[PDB]
Each structure stands twice: as C-alpha cells, then as structure tokens.
Amino acid sequence: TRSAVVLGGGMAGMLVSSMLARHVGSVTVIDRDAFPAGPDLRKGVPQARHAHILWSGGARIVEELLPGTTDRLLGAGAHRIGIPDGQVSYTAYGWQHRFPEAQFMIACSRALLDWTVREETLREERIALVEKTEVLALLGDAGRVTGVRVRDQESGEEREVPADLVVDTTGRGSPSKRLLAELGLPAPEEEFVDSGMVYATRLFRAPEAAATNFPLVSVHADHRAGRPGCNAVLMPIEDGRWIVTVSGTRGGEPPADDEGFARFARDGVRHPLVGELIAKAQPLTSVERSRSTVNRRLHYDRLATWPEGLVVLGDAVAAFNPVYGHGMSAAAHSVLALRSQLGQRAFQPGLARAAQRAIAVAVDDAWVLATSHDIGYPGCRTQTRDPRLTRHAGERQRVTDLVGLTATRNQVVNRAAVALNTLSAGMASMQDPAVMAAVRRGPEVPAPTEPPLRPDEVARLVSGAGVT
Ligand SMILES: Cc1cc2nc3c(=O)[nH]c(=O)nc-3n(C[C@H](O)[C@H](O)[C@H](O)COP(=O)(O)OP(=O)(O)OC[C@H]3O[C@@H](n4cnc5c(N)ncnc54)[C@H](O)[C@@H]3O)c2cc1C
Ligand SMILES: [Cl-]
C-alpha cells in the first residue's frame, strides 16, 4: 500500500529508495540521465571524475541500508584505508602522526560506487528506475503534493505519476526552487559560503607493487594564513590506479594543462609530496576541472507553509565544498532521519514537515565544518544569518585550531577528532570532559619532521626491473 516517487537516481535517490521500499508498496525513481550497465561515468553525475572519499560515518549507513555493499566494493577493488594509520597528511598544523586505526574510509572511483549502490538497490523488484525522463512539475498544491508530472524524452509524451510521498534528490542543480514556486510556496532562505575554489584531477596508474595497501596522501592548506587555500590529494582506487586532485581558492586555482598540474602539486601546495609521488607514475587521463565548490543550503524546514507528502534531501537541500568530503555521508545521514520520522509518524499529517526538520539537523555538522573553514580564505563571498559564522567565528576558530593541533600528536584527541570529521559522532562529542583533558595534556609524540611514510610503502614505488 501507498506509493513513493523519488526525483533523481543518484546516491541520495538510491539510498532513499532502498529505505522507502521497506515502508511503501512501490517506489518510482525519475531521472533525466541515461544509466550505463557497468561502472562508467555519466553526464548526470559530472563530479564522478574527481576524488571521492566515503568516510566511515556514511559507509556504515550505506552498509545498513544496503547490506553487503561494503564487501562488494572491496571485492571489486575498493580500498579500506584506516584513519589515521593509513593516511600521510600534512595538515594546517603539520604532519599527522599515524596512530593506530580510529576510523576508516572506502577509496574507489565514484563510478564504481554509484554502480554498486544502484545494482544493489534495484534488486528490489518493487523499485523501478525510469531513465531519460524530465520532471515538469509537482502535482497537487501547496497543501499536499500528490505526485509529479513528467515527460518522456524519447516519445515526448507527458504523463502524471501519482505518489503519496515525493522526495527530491536531484542534486546540486535541483530545480526544486522552480518546482515550489510553481506550487505557490514562498522562496526559501538560501545560505552560501563561496571560497571560489577550483578542482583539477588526473588519473594515474600506480607502480605495480603499490597497487594495493597504499596510504591516502593529502597536503592541506593553512586556513589560518591569509593566503589562498591550496590542497592536493592522492587516493588509491580499483585496478591499480591513483586519482589525484589538486584544489585552490580564489587566487590560487590550479591550471588546466597537464604540465601545470604536476607543478601545482609540487610548488602550489605547502609541501610537494603528492607531486613527488605522481612522478613515480604514468598519467592515464587529461586534466578535468570543476567549479561546483559553493557550500549552499536551502532552509526548506523554516518555511511558513510546507506541503504534506514532500521532502527534499541530498545536495538539493545542502551541498558542501568537496575538499572535506562529507556530501555522500550527509545524504546517508538524512535518509536515516527520514526513516526515523516514518517509523514515528507513519504517513500522518506532519510527516513531510517533521522529516524536513530532521534532515536539517542531519546535515548541520557537515555544514558547519565546511563553512567555518572556508569563511576565512581571502576574497570569500558569503550570504548567511547564522551567528556561528558571523559573531562567534573567531572564538570557534580558536578552539578548533587547538583540537586540530593536538590531534596531530595526541591519540585520544585524534580519535575524538576523526570521529567527528568522519561524521561517526556528533559535534557535542568534542565537549566530553575526557576529550578536553587530553587536549590540556598536550602532545605525547614529537611533531614529524618528514612525511611519515613507511619504508615498505616507499619501497614499492619502484620495480627494480633494470637490476641483475
Ligand atoms: C568535485 C567533487 C568532489 C566530491 N567529493 C566527495 C567526497 O570525497 N566525498 C563525499 O562524500 N562527497 C563528495 N562529493 C559530493 C557528492 O558528489 C554528492 O554529495 C552526492 O553526489 C550527493 O548525491 P545526490 O543524489 O544528492 O546528487 P547526485 O549524486 O548528483 O545525483 C543527482 C541525480 O539526479 C539527476 N538529476 C539532476 N537534475 C535532474 C533533473 N532536473 N531532473 C531529473 N533528474 C535530475 C542526475 O542525473 C543524477 O542521477 C563531491 C562533489 C564534487 C562536486
Ligand atoms: Cl563537477
């Protein structure tokens, strides 16, 4: 009984459809893109060409919604990299000491990830993906949404698709503002923080012995220094490749040519490690850039009136600067928020509004971590009324620089710090007296003077071929 319509067949649409199918009779997923039968790139998800990190916090939610997905990923070549034992990271406060594992992440191409999530989701015969279909309008009115009017791209025919619950997961380019304007709802408050960052990514084939068990490598900007923020990240993926992404805020954007890529990875960042590693490797693709960098949030939950049977989640409600890598886990967290409201209120009046409010709390931590670090860079453009970004930005940056400094050299602080950064624990968890005590205890190890690479990792950057 009861039917749901999901707008957009990306990561959020699939996760929300897996969940919704356990509460409703039928799920229909509408997407305007065409979907490949294998793990390939598609135009509906252009971000798939850049490095994608799946933090533990989101990974554990994906596992719960789609049991077995983690292993199908690992079974297909994805790497499980422990944090911080498997990262070589030059943070704004110096090198992170590689303490034993506290959290983890899954390292794979986004194309493989999306395909593995879709395939596992669509095993449920009651979910149906409707490809190459444009979303024209929401059916019903400002009081209650009753489905969506769509158009088939091939035939051009328009038809209405009924629904007791419509979920918009059309991503960052969501037409939800248009859709609800045609419904007759007021425009929602839009908050954004635009550092003006730009991405540049190339694929590489790793040295043969380094195809497995290689660490995640990152060089971070110093947000405290009044200079454009430049970063560089090297991540293993399936089939013995490395995806390498370099980024830079307004005034420090990486170039588009292959030659300038290696120099930026060498000279454009605060340490040339990533530039040194990619020179052990062979390029496979040319430079791909992207400007989809703005942290933008739509406060749908604060509207004066909200229709029953309508929910917005994923990038359509809150998108982030990708250098922190929270987007997918934020979408996962908001699917569990919808699920929790479904079990509490079923489909009674108030479900859509209660879900929209709960989704706003679900994404808040990822929204704060990104905006409070982007707001400092020179030339940053902002539109916000949030006091945490306007009034208490200086004091919140003072506590955060001391947790970050100590976490590089204190095991307890790091543990609690990476639990928050991977969205495996809430913001309040940093207020545990046991955490602030360790912060006051100070460093237990010296600050590393060189990149903390293992000899056996560096050893596998060469083959030894020309040696009798
Ligand atoms: C460069 C970059 C790097 C990133 N790195 C990370 C990372 O390391 N870790 C992480 O967790 N997140 C990362 N993200 C964020 C991540 O890509 C998104 O958070 C995630 O894709 C959210 O999924 P979604 O379903 O909301 O949107 P999408 O994944 O984009 O899915 C949207 C879907 O809706 C469809 N659609 C769009 N518009 C319409 C329309 N008008 N009508 C019908 N269908 C439509 C699209 O075809 C697509 O199928 C990164 C993003 C970028 C841009
Ligand atoms: Cl992109």
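Residues numbered from 1 in each chain as written, not as in the entry; some residues may be left out. Chains lettered and ligands numbered in written order. Heavy atoms only, no water. Residues with missing side-chain atoms left out of burial classes, pairs and counts.

A.B. asks: Looking at this structure, how should I read empty space enclosed by the protein?
C.D. replies: Over the atoms, a rolling probe the size of a water molecule traces out where space has been left empty. Each pocket or cavity is described by its volume, and for the largest cavity that value is around 80 Å³. In terms of lining, the largest cavity is formed by 13 residues, of which the most central are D40, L41, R42, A111 and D114. In this structure, the second largest cavity spans a volume of roughly 60 Å³. In terms of lining, the second largest cavity is formed by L7, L138, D168, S176, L179, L180, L310 and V312. Every element with two or more residues in the lining of the second largest cavity is listed here: α5 (176-183) and β21 (310-312). With 3 residues, α5 is the single largest residue contributor to the lining of the second largest cavity. (1 Å grid on protein atoms, 1.4 Å probe; cavity = no way out; pocket = protein on both sides within 12 Å on 5 of 7 lines; lining within 4 Å. Points joined across faces, edges and corners; volume = space filled by probe spheres on them. Helix = DSSP H or I, 4+ residues; strand = E, 2+ residues; numbered from the N terminus.)

A.B. asks: Hey, could you run me through the sheet that holds strand β20 (residues 295-298) in this one?
C.D. replies: Paired through their backbone hydrogen bonds, the strands of a sheet run either parallel or antiparallel. If you trace the 4 strands from one edge of the open sheet to the other, you get β22-β20-β13-β23, paired in antiparallel fashion. Two strands bound the open sheet, and with one partner strand each, they are β22 (318-319) and β23 (381-383). Sheet topology places strand β13 (residues 190-194) next to β20; 4 bridges connect them, and they run antiparallel. Residue pairing in the sheet places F192 in a bridge with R296 of β20. Here helix α10 (residues 364-374) sits on the sheet and contacts β13, β20 and β22; the angle it forms with β20, its principal contact strand, is near 140 degrees. (Pairing = 2+ DSSP bridges. Contact = heavy atoms within 4.5 Å. Axes fitted to C-alpha atoms, helices over the stretch in contact; angles between N-to-C directions.)

A.B. asks: What am I meant to see in the domain arrangement of the protein here?
C.D. replies: Often, the extent of an interface is quoted as the loss of accessible area upon association of its parts. Domain boundaries in the protein define domain 1 (3-42 + 110-191 + 298-369) and domain 2 (53-108 + 197-290 + 391-468). Between domain 1 and domain 2, the residue contacts involve 31 residues of the former and 28 residues of the latter. Summed over both partners, the interface of domain 1 with domain 2 comes to about 2600 Å²; 68% of that surface belongs to carbon and sulfur atoms. Of all residues in domain 1, the largest losses of buried area upon contact with domain 2 belong to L112, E120 and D365, amounting jointly to 19% of the total for that side. Taken together, the connections running from domain 1 to domain 2 amount to 2 salt bridges. With a shortest N-O distance of 2.6 Å, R339 and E64 are connected by a salt bridge. Remark: the boundary between domain 1 and domain 2 carries 9 residue pairs in polar contact. Sorting the residues of the side of domain 1 that touches domain 2 by element identifies α1 (11-20), α4 (110-122), α8 (327-345) and α10 as the ones contributing at least two each. Ranked by residues supplied to the side of domain 1 that touches domain 2, first place goes to α4 with 9 residues. Split into classes, the residues belonging to the side of domain 1 that touches domain 2 amount to 17 nonpolar, 8 polar and 6 charged. (Domains from an automatic or database assignment. Buried area = accessible area lost by both parts, 1.4 Å probe. Salt bridge = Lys/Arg side-chain N within 4 Å of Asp/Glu carboxyl O. Polar contact = N/O pair within 3.5 Å; in protein donor to acceptor, adjacent residues only side chain to side chain. Nonpolar A, V, L, I, M, F, W, Y, C, P; charged D, E, K, R; others polar.)

A.B. asks: Is there a simple way to think about the pairing of strand β12 (residues 165-168) in this case?
C.D. replies: A regular strand places its side chains on the two faces of the sheet in alternate fashion. Both faces of β12 are covered, namely the face carrying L165 and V167 and the face carrying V166 and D168. Where strand β1 (residues 3-7) and β12 come together, 4 bridges link them in parallel fashion. Following the sheet pairing, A4 is matched in β12 by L165. Two elements, β12 and β21, share 3 bridges in a ladder whose sense is parallel. Within the sheet, the bridge partner assigned to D168 lies in β21 and is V312. (Buried < 20%, exposed > 50% of the residue type's maximum accessible area, 1.4 Å probe, protein only.)

A.B. asks: I tried to follow the side chain of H52 on my own but got confused; where do I start?
C.D. replies: Considering the arrangement of structural elements, one finds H52 in the loop between β2 (26-30) and β3 (53-55). By relative accessible area, which is 15% here, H52 ends up buried. Among the polar contacts listed, one links the side chain of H52 to the backbone oxygen of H50, at a separation of 3.0 Å. Each residue touching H52, except ones within four places of it in the same chain, is listed here: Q47, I106, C108, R110, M235 and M328.

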